[PDB]
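Below is one structure, written out as structure tokens, with a few remarks after it.
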Amino acid sequence: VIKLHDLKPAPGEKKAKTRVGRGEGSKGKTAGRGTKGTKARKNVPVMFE
RNA sequence: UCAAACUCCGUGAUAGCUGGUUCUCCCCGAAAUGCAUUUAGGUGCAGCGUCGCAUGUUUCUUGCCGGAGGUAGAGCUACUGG
């Protein structure tokens with residue numbers, strides 16, 4: 001019989017959150033931003049070239 | 001404390017700048033170029049990476065073939081000049 005502990009999300013339904021800045025074995029020490037620039041502390045507008 | 005005091009608030013001011021950004025392993029893996037920029041230590045796009053999808057050897061290497069060049073070299077009584 002189907003109880004609450006039998007319920008599971010479907011495969012691929014749930015992907016783990018990527019946690020940046022949590023070590024160099026992951027997206028660590030820059031969070032995929034690279035080193036410097038405007039793009040290292042802010043985001044650049046799309047309306048700007 | 002003074003080329004405009006101090007305090008609170010606006011306010012977590014803004015900083016193309018500096019610094020920092022914390023556990024793991026597996027696979028792949030750059031760039032530091034071009035163009036433009038009140039631009040030149042920034043940024044957009046392209047190039048280069050990855051992932052996915054589609055296509056599938058088209059890529060690449062070698063041989064052969066067809067081709068255009070004007071460098072090296074050479075030449076100048078073949079031009080311009082010396």
Side-chain angles (χ1 to χ4, degrees):
Chain A
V1 68
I2 291 164
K3 292 284 285 286
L4 289 155
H5 62 263
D6 292 356
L7 298 169
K8 313 184 171 228
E13 174 146 40
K14 301 284 174 118
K15 189 177 273 290
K17 185 106 199 175
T18 68
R19 293 180 70 228
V20 307
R22 299 294 193 282
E24 278 276 3
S26 67
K27 285 206 193 164
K29 186 252 167 153
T30 48
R33 280 177 187 269
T35 320
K36 295 190 187 168
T38 296
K39 281 186 280 171
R41 317 198 174 75
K42 323 201 300 215
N43 270 315
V44 177
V46 177
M47 62 215 78
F48 173 72
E49 299 202 343

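FYI, side chains are in, hydrogens and waters are out, and symmetry mates aren't considered; it's all heavy atoms of this structure. Per chain, numbering begins at 1; letters A, B, ... match sequence-line order.
- With both ends at atom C1', the span from B:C2 to B:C17 equals 28 Å, rounded to whole Å.
- Residue A:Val20 is found outside any hydrophobic cluster, as its side-chain heavy atoms come under 4.5 Å of no other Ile, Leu, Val, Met, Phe, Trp or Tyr.
- Taking the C1' atoms as reference points, B:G42 lies 39 Å from B:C60, given to the whole Å.
- In this strand, B:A40 does not stack on its neighbour B:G41 when judged by six-membered ring centres under 5.5 Å apart and planes inclined by less than 30°.
- A negative value of the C1'-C2'-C3'-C4' dihedral assigns B:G70 to the south, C2'-endo side.
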Provide a list of protein-nucleic acid N or O atom pairs under 3.5 angstrom, restricted to nucleotides 31-34 of chain B.
none

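- Going from the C1' atom of B:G44 to that of B:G70 covers 41 Å, rounded to whole Å.
- With sequence neighbours left out, A:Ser26 forms a side chain to side chain contact (heavy atoms under 4.5 Å, CB included) with no residue at all.
- Spacing of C1' atoms, B:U59 relative to B:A36, comes out at 32 Å, to the nearest Å.
- South puckering is assigned to the sugar ring of B:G56, since its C1'-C2'-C3'-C4' angle is below zero.
- Under the rule of centres below 5.5 angstrom and planes below 30 degrees, the bases of B:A36 and B:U37 are stacked.
- If you take NZ of A:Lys42 and P of B:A13, they are 14 Å apart, rounded to a whole angstrom.
- With its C1'-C2'-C3'-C4' torsion below zero, B:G12 shows a south sugar pucker.
- Not counting sequence neighbours, the partners of A:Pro9 by the side chain to side chain contact (heavy atoms under 4.5 Å, CB included) test are A:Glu13, A:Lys14.
- Sugar pucker of B:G19: north, since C1'-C2'-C3'-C4' comes out positive.
- Neighbouring nucleotides B:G70 and B:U71 fail the stacking criterion: their six-membered base rings are not both under 5.5 Å apart at the centres and under 30° between the planes.
- Base stacking is absent between B:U58 and B:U59; the centre distance of their six-membered rings and the plane angle do not both fall under 5.5 Å and 30° respectively.
- Applying the 90° cutoff around 0 to the glycosidic angle, B:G56 is assigned syn.
- Nucleotides B:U1 and B:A5, compared at atom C1', are 8 Å apart to the nearest Å.
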Please tabulate, one pair per line, all N/O donor-acceptor pairs under 3.5 Å involving side-chain atoms of residues 36-49 of chain A, not counting sequence neighbours.
none

Could you write out each protein N or O paired with an N or O of nucleotides 40-46 of chain B at a distance under 3.5 Å?
| from | atom 1 | to | atom 2 | distance (Å) |
| --- | --- | --- | --- | --- |
| B:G42 | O3' | A:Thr38 | N | 3.2 |
| B:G42 | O2' | A:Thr38 | OG1 | 2.8 |
| B:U43 | OP1 | A:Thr38 | N | 3.2 |
| B:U43 | OP1 | A:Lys39 | N | 3.3 |
| B:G44 | OP2 | A:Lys39 | NZ | 2.9 |

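- Taking atom CZ of residue A:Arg33 and atom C1' of nucleotide B:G19, one finds them 15 Å apart after rounding to whole Å.
- Distance noted for atom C1' between B:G69 and B:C45: 34 Å (whole Å).
- One cannot find a donor-acceptor pair under 3.5 Å joining the base of B:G16 and the side-chain atoms of A:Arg41.
- Taking atom P in both B:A31 and B:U50, one finds a spacing of 11 Å when rounded to whole Å.
- In this strand, B:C79 sits stacked on its neighbour B:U80; the base ring centres are under 5.5 angstrom apart and the planes under 30 degrees.
- Of the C1' atoms belonging to B:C48 and B:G29, the separation is 11 Å, rounded to the nearest Å.
- For RNA chain B, each stem of at least three Watson-Crick or G-U pairs (distances under 3.5 Å) is given as range with range: B:33-37 with B:42-46.
- Sugar pucker of B:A31: north, as indicated by a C1'-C2'-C3'-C4' torsion of positive sign.
- Non-hydrogen atoms lying under 4.0 Å from RNA chain B are contributed by A:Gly21, A:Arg22, A:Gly23, all within residues 11-23 of chain A.
- At whole-Å resolution of the value, CD in A:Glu24 and P in B:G20 are 12 Å apart.
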